[PDB]
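**Student:** Chains as they are written, first to last, in full-length UniProt numbering: chain F, 175 to 313, 319 to 519; chain G, 617 to 779; chain Y, 115 to 280, 287 to 795.
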Amino acid sequence: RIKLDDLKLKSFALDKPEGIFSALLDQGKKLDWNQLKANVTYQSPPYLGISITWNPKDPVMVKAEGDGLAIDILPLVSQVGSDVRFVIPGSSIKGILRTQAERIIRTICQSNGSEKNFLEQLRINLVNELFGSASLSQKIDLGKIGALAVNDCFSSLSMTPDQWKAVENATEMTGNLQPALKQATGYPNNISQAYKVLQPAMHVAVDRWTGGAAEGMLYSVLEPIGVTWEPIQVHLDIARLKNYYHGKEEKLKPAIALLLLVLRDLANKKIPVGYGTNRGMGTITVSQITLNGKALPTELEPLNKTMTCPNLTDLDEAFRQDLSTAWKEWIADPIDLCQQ
Amino acid sequence: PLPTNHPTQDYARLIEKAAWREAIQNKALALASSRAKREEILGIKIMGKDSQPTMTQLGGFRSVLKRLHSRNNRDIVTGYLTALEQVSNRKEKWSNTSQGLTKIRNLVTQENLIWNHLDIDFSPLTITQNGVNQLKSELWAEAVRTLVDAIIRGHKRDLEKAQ
Amino acid sequence: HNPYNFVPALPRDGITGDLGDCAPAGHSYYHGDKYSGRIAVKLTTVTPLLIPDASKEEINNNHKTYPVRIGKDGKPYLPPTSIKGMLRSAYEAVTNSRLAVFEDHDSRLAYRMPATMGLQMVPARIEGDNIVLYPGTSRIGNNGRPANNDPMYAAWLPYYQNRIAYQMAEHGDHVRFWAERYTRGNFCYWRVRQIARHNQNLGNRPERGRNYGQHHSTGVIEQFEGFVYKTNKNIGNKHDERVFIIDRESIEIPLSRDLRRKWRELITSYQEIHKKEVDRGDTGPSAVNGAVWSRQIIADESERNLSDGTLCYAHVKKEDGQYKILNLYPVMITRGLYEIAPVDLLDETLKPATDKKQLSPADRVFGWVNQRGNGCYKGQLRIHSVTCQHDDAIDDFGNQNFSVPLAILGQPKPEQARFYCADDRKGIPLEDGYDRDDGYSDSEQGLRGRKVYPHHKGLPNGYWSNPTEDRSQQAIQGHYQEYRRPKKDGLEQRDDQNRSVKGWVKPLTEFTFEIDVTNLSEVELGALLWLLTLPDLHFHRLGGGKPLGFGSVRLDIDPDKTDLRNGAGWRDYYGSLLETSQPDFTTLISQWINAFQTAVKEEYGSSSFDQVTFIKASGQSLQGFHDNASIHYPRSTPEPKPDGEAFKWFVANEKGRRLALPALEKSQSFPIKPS
RNA sequence: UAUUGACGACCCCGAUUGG
């Protein structure tokens, strides 16, 4: 994603002498952008915005791609302009959503993946259209771009780059780590507030005969227990789906229905995110989902809503019943719907 | 050679680096191809089914080595190895290597040793006055990363044959 | 009662059905025949719970202090991993799965001979490539002891007191010497009287020596020649060295490779175990005053190899009239190795899993990683949403500067064969009275299995009250205050051997967590719910300090917040965006428990579920011992005296009745005198 | 024939996929 700022237009009347010499020597007539912007309404194409407001319930992190010295497991961080921030990559949110989407589809079909290779596991109906498939020329191309997109999500907290380097380069959990965490959390005066944000923790494997740590199995995590996160932006290209369904806007309904099921499970905490999901991490609360459709087909207009019920009962029952009908109709014959 | 003050010397510098980079990548991959050479440079070898050390131990080191952006970062790699060496169980994980912990320390510290191993006649690949020393000091950090990465990857292929 | 026991891990050969090994159910979809959903679980504590935050620990004189770990809302934070490891180990027990975490255990463990065993050592050498024996004028009795009250095989060289000088001789010296027969108590020996280096003249015969106390002279005097096997002053009351007498009758045996490996391995044990103490420059074993290191442990690997002309004590017996040699030993009373490495006593089906097909039930439910190669599986279970329900759950005893000192959490030491070894792979305790050697001794031996810390049933009311007071000297209702480190000279023993804690989570605090489960079979789900519905007074064990009684917890289910359905019931749920009912699994819960129990009965061939050994033992664990005997680490004295010389109960046990650690279900209590 | 006395902490991440 990219955005344009500081837009300047320079004009050169190259049909006439003042223009051509201005181009050669006087660097053009300035024009203001605001006048021309007023002349046209911005004609945004059909899309649905999905804003998910959430926080870590248990600690949430993606593992940094290399172990520290003082702390073995560290959160991933990314630069954001001047500062570093913790990050969950969009690929991770996309992946967990795709996983639950696939699981639901196969569950309804009672299909199996135990015998397919990994690539054959990915390729199933509706998720193929939403999340896309690899380009694979077959005597026709099965590959198409995923109509669903997800943004990177960053911590509300930020740090200077050297402050985080002080954590990565720390060596003693009782020692130089504690200044660095007090600094990095922005509580240089108060260790307790620092450790309400980033809390180091120790783990051990217990030998079943002896008790106590199994030799070498001592390790530690920097759990971001208190790091606050910005709302996740999921962005659905309704237009791209309409192409995949050859304009049959009615046939959008089941894929939209699946996506609401994916979000329903997400809001029910059923989808963990990040590292350590079976080991006391990754479970998230969703406080709010904001659905923002622009230039929708009229039968989908009730999507324009804000939801705080995890069961999505804030969406109109008649609309949910409509989708539930089209969903049950597709369940009864789960054709490759993107084939006209 | 060009005189250092010749106006195009800045442009020649771009050509020098590009030619050196590819030559380094090739010659590192040549040396990674030999199971004796991996033992000479890092002490990694295959013995029966096993690798010395275990692949995970290479992967750990490989993950650290990517922080070696510039020669001053030899602190980090030396810091890692000394922290590794202090833990006896982790030290002995590198037993049955050829001196591997010392070989890595040397390669990371001795400015000459990377170039001694790669053994590239840079004379046909340089044209700037003092270009050789300018570029060796420049590229050192990348030569290390290229060589160790090549060795670890090439070693993995021979492990799969034996496994 | 010893504060730990074992549930016997049964070897699982021919276990079929779901309790057997199987390909995993997998994550790809909800199976029509298997169950998934969310279980709500409430945990409440019964004894206080320790949850030390090592990230906040503090150090004085290398004594360590820990505060209670707290979360972002300031409540005590309970790591769900710590819940997981609790539940998993209990689950591994009641399912009798593979044991998920097994460390090295691949070298033979070491032990020490009793002092009686020295009386059947004989002086020995290796000549070229044969061992040789030098019983000399003494003759080897049937048991290996010097026969018929004849004198000790080696002569005794006074060396640290009544020196018999030529400068004092050294271990390599080939020598000629006079000796005198001396008597003491039950035995007699050749006291060296005068000595020369071998090439020199020994000179005239000495005469009637002094009665050096109970070492009484005889005036029976002899001439011998050979070698002085001087070691060092390696115990405080060592008076003498010994010397080997080549001058007289001798025997030889071919040096077996078996005796080579034993010597190498034993000397490896000596040299490596003490490495740190020598390397920091200690002059002798810290465990006793005055002594200095025995000669072999400070020597080089040249001592570790068994080269020509090196000298040993050898262990030999007369067997069918044949003098057969069992071992070579550097010292009369020796360290030794059991003949089998503990890993080799464990059944291959119980060892940590090594392939994707042999995943046992706990490995499938909780997930597994191969420690030796490729292979892994994501667990079918997630614990999450841990919260403390109360607010003031942390027992700060009154002010944050207080901290209670807390016993001695010593390292486990599986060298104690009569505790850790099993006489059969069904986990039968060893027999009492036998020597140590009987331990890791046959492949048909086993290991005692999964260690468990029984509940401290029957504590007195207010045992945890006012914890900073050293009540440890008072048997309040017959129980001494056992968790508190006693005071010495009326002050706190903040030593480098024990941790101290700023507080604990109070008993009767309450916590919630949820368990997410996926694709459980009816047997696996039956097992899990059984652990969560145990009858009253059964408790799980959690956190640290479990030998001291900390962290005992009650688990039960919130049935209205739980939701479980089979795969079909989820197809109905996913089949519509409109709301739909849930099945009342609370009608089925008892049925799944019975489904689990019947699987246990059938595969482990036992007439009732409650008399399967590991089930009975686990229940006995979680219910705790019930003869109202106190639970504490072994010690010679009923009162926990401040020094805590727990070891002398073990030495008393060794010379005494030599009890083994009871079978857990037998609930036997150790006698305070193991004589 | 069985005596001699009393001390002491430990583990620091492990295994794997690297296109």
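Quick reminder that beta carbons are idealized off the backbone N, C-alpha and C, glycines included.
1) Can you tell me the Cα-Cα spacing of Y:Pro-326 and Y:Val-295, whole angstroms?
2) Whole angstroms are fine: how far does the CA of G:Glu-708 sit from the CA of G:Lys-719?
3) Could one say the Cβ of G:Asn-705 lies closer than 7 Å to chain F's Cβ atoms, at least one of them?
4) Okay, do the region 485 to 501 of chain F and the region 253 to 261 of chain F touch, 3+ Cβ pairs below 8 Å being the bar?
5) My parser needs the alpha helix (DSSP H) runs of 4 or more residues fully inside the region 719 to 753 of chain G; what are they?
6) In the structure shown, what three-state DSSP assignment does Y:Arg-328 receive?
7) Would F:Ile-463 and F:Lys-268 be called neighbours here (beta carbons separated by less than 7 Å)?
8) At a threshold of 6 Å, does Y:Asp-464 count as lining the ligand MN (C-beta to nearest heavy atom)?
9) Name the two residues that bound the continuous beta strand (DSSP E) containing Y:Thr-209.
10) Let me check understanding here. Comparing Cα to Cα, which of Y:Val-348, Y:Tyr-309, Y:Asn-425 and Y:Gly-530 lies closest to Y:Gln-334?
11) Can you tell me where the beta strand (DSSP E) with F:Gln-412 in it begins and where it stops?
12) My understanding is that Y:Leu-465 touches Y:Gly-566, with C-beta atoms under 8 Å, so please give their C-beta distance in whole angstroms.
13) Give, in chain order, every residue of the region 670 to 685 of chain G whose Cβ lies closer than 8 Å to some Cβ of chain F.
14) How big is the Cα-Cα spacing for Y:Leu-192 and Y:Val-625?
15) Suppose the cutoff is 8 Å on Cβ atoms and the five residues either side in sequence are ignored; what does the same chain contact list for F:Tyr-221 look like?
16) In or out: F:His-425 buried (at least 16 other Cβ within 10 Å) or exposed?
17) How would you call F:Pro-403, buried or exposed, if buried means at least 16 neighbouring beta carbons within 10 angstroms?
18) Under a Cβ-count criterion, where at least 16 other Cβ atoms within 10 Å of its own Cβ denotes burial, should F:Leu-438 be classed as buried or exposed?
19) Could you give the residue range of the beta strand (DSSP E) that holds Y:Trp-310?
20) How many whole angstroms separate the CB atoms of Y:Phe-770 and Y:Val-160, which I take to be in contact at a CB cut-off of 8 Å?
21) From the DSSP output, which residues share a beta bridge with F:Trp-228?
22) Count the other CB atoms within 10 Å of the CB of Y:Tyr-274; is the residue buried (16 or more) or exposed (fewer)?
23) Please confirm if the region 139 to 157 of chain Y is in contact with the region 675 to 689 of chain Y, defined as three or more CB-CB distances below 8 Å between the two stretches.
24) Can you find a C-beta in chain G that's less than 7 Å from the C-beta of F:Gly-240?
25) Could you name the residues of chain G that F:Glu-429 contacts, counting a contact when the two beta carbons are closer than 7 Å?
26) According to the neighbour-count rule (16 or more other Cβ atoms, all chains shown, within 10 Å of its Cβ), is Y:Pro-462 buried or exposed?
27) Using 8 Å for Cβ pairs, my map puts Y:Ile-503 next to Y:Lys-198. What's the rounded Cβ distance?
28) Apart from the five residues just before and just after Y:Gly-258, which ones in its own chain have a Cβ nearer than 6 Å to its Cβ?
29) Give me the Cα-Cα distance between G:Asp-765 and G:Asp-666, rounded to the nearest whole angstrom.
30) Determine the burial state of Y:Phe-539: buried for a count of at least 16 other Cβ atoms within 10 Å of its Cβ, exposed for fewer.
31) Could you give the residue range of the alpha helix (DSSP H) that holds Y:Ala-737?
32) At a CB distance below 8 Å, what residues from the region 370 to 400 of chain F approach chain G? Give them in sequence order.
33) If I measure Cβ to Cβ from Y:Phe-716 and keep anything under 7 Å in the same chain, skipping five residues before and after, which residues do I get?
34) Count the other CB atoms within 10 Å of the CB of Y:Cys-496; is the residue buried (16 or more) or exposed (fewer)?
35) Quick one: give me the first and last residue of the alpha helix (DSSP H) that F:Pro-340 is part of.
36) For F:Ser-335, which residues in the same chain have their Cβ closer than 7 Å to its Cβ, ignoring the five residues on either side in sequence?
**Tutor:** In brief:
1) Taking the first residue of the third sequence as 1, we reach residue 326 of chain Y at position 206. Taking the first residue of the third sequence as 1, we reach residue 295 of chain Y at position 175. Whole-angstrom Cα-Cα distance: 17 Å.
2) If you number the second sequence from 1, residue 719 of chain G lands on position 103. If you number the second sequence from 1, residue 708 of chain G lands on position 92. Those two C-alpha atoms are separated by around 15 Å.
3) As a first step, residue 705 of chain G must be located in the second sequence, where it is residue number 89. True, the Cβ-Cβ gap to chain F drops below 7 Å.
4) no
5) 729 to 734
6) For the purposes of this step, residue 328 of chain Y is taken as the residue at position 208 of the third sequence. Three-state result, Y:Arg-328: coil.
7) For the purposes of this step, residue 463 of chain F is taken as the residue at position 284 of the first sequence. For the purposes of this step, residue 268 of chain F is taken as the residue at position 94 of the first sequence. No, they are not a contact pair.
8) Inclusion of the ligand MN in the displayed structure is not the case, the ligand content being empty and no account of it being possible.
9) For the purposes of this step, residue 209 of chain Y is identified with residue 95 of the third sequence, where counting begins at 1. Taken as a continuous stretch (DSSP letters only), Y:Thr-209 belongs to no beta strand (DSSP E), being part of the alpha helix (DSSP H) at 194 to 209.
10) Here the question's residue 334 of chain Y lines up with position 214 in the third sequence. For Y:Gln-334, the nearest C-alpha among the options comes from Y:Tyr-309.
11) Indexing the first sequence from 1 puts residue 412 of chain F at position 233. Its beta strand (DSSP E) spans residues 411 to 415.
12) Taking the third sequence and counting its residues from 1, one reaches residue 465 of chain Y at position 345. Taking the third sequence and counting its residues from 1, one reaches residue 566 of chain Y at position 446. With 8 Å as the limit, Y:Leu-465 and Y:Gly-566 qualify as a contact, their Cβ atoms being about 5 Å apart.
13) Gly-676, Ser-679, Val-680, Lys-682 and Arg-683
14) As a working note, residue 192 of chain Y is residue 78 in the third sequence. As a working note, residue 625 of chain Y is residue 505 in the third sequence. Straight-line Cα distance between these residues: approximately 10 Å.
15) As a working note, residue 221 of chain F is residue 47 in the first sequence. Closer than 8 Å at the Cβ level, and outside the excluded window around F:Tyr-221, lie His-414, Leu-415, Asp-416, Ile-417, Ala-418, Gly-472, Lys-473 and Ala-474.
16) Sequence index remark: in the first sequence, residue 425 of chain F carries index 246 (1-based). That one is exposed.
17) Along the first sequence, one-based indexing puts residue 403 of chain F at 224. When all chains shown are included, F:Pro-403 counts as buried.
18) Reading the first sequence from its first residue, position 259 is the one you call residue 438 of chain F. Label assigned to F:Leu-438: buried.
19) The residue given as residue 310 of chain Y occupies position 190 in the third sequence. Where Y:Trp-310 is concerned, the enclosing beta strand (DSSP E) stretches over 307 to 317.
20) For the purposes of this step, residue 770 of chain Y is identified with residue 650 of the third sequence, where counting begins at 1. For the purposes of this step, residue 160 of chain Y is identified with residue 46 of the third sequence, where counting begins at 1. The Cβ separation is near 31 Å, so there is no contact.
21) Position 54 of the first sequence, counted from the start, is the residue given in the question as residue 228 of chain F. Its beta-bridge partners are F:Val-465.
22) On the third sequence, residue 274 of chain Y is found 160 positions in, with the first residue counted as 1. Under this definition Y:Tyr-274 is an exposed residue.
23) yes
24) Numbered from its first residue, the first sequence carries residue 240 of chain F at position 66. With 7 Å as the cut-off, F:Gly-240 counts as an interface residue toward chain G.
25) Numbered from 1 along the first sequence, position 250 holds the residue referred to as residue 429 of chain F. The premise fails here: F:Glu-429 is roughly 51 Å from chain G at the closest Cβ pair, so nothing lies under 7 Å.
26) Working through the third sequence from its first residue, we reach residue 462 of chain Y at position 342. Under this definition Y:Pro-462 is a buried residue.
27) Within the third sequence, the letter at position 383 stands for residue 503 of chain Y. Within the third sequence, the letter at position 84 stands for residue 198 of chain Y. With a Cβ gap of about 5 Å, Y:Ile-503 and Y:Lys-198 count as contacting.
28) For the purposes of this step, residue 258 of chain Y is identified with residue 144 of the third sequence, where counting begins at 1. Only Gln-234, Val-436 and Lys-437 meet the Cβ criterion.
29) Here residue 765 of chain G corresponds to residue number 149 of the second sequence, with the count starting at 1. Here residue 666 of chain G corresponds to residue number 50 of the second sequence, with the count starting at 1. Looking at the two C-alpha atoms, the distance is approximately 20 Å.
30) On the third sequence, position 419 is the one that residue 539 of chain Y refers to. Y:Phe-539 is buried by the Cβ-count criterion.
31) Taking the third sequence and counting its residues from 1, the one referred to as residue 737 of chain Y is at position 617. Element bounds for Y:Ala-737: 733 to 743.
32) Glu-394 and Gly-395
33) As a position in the third sequence, residue 716 of chain Y is number 596, starting the count at 1. The answer, listed in chain order, is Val-643, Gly-646, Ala-647 and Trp-650.
34) For the purposes of this step, residue 496 of chain Y is identified with residue 376 of the third sequence, where counting begins at 1. Answer is exposed; the Cβ neighbour count stays below 16.
35) In the first sequence, counting from the first residue as 1, residue 340 of chain F sits at position 161. 340 to 347 is the extent of the alpha helix (DSSP H) around F:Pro-340.
36) Position 156 of the first sequence, counted from the first residue, corresponds to residue 335 of chain F. Counting only Cβ-Cβ distances below 7 Å, and skipping sequence neighbours, we find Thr-407, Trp-408 and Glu-409.
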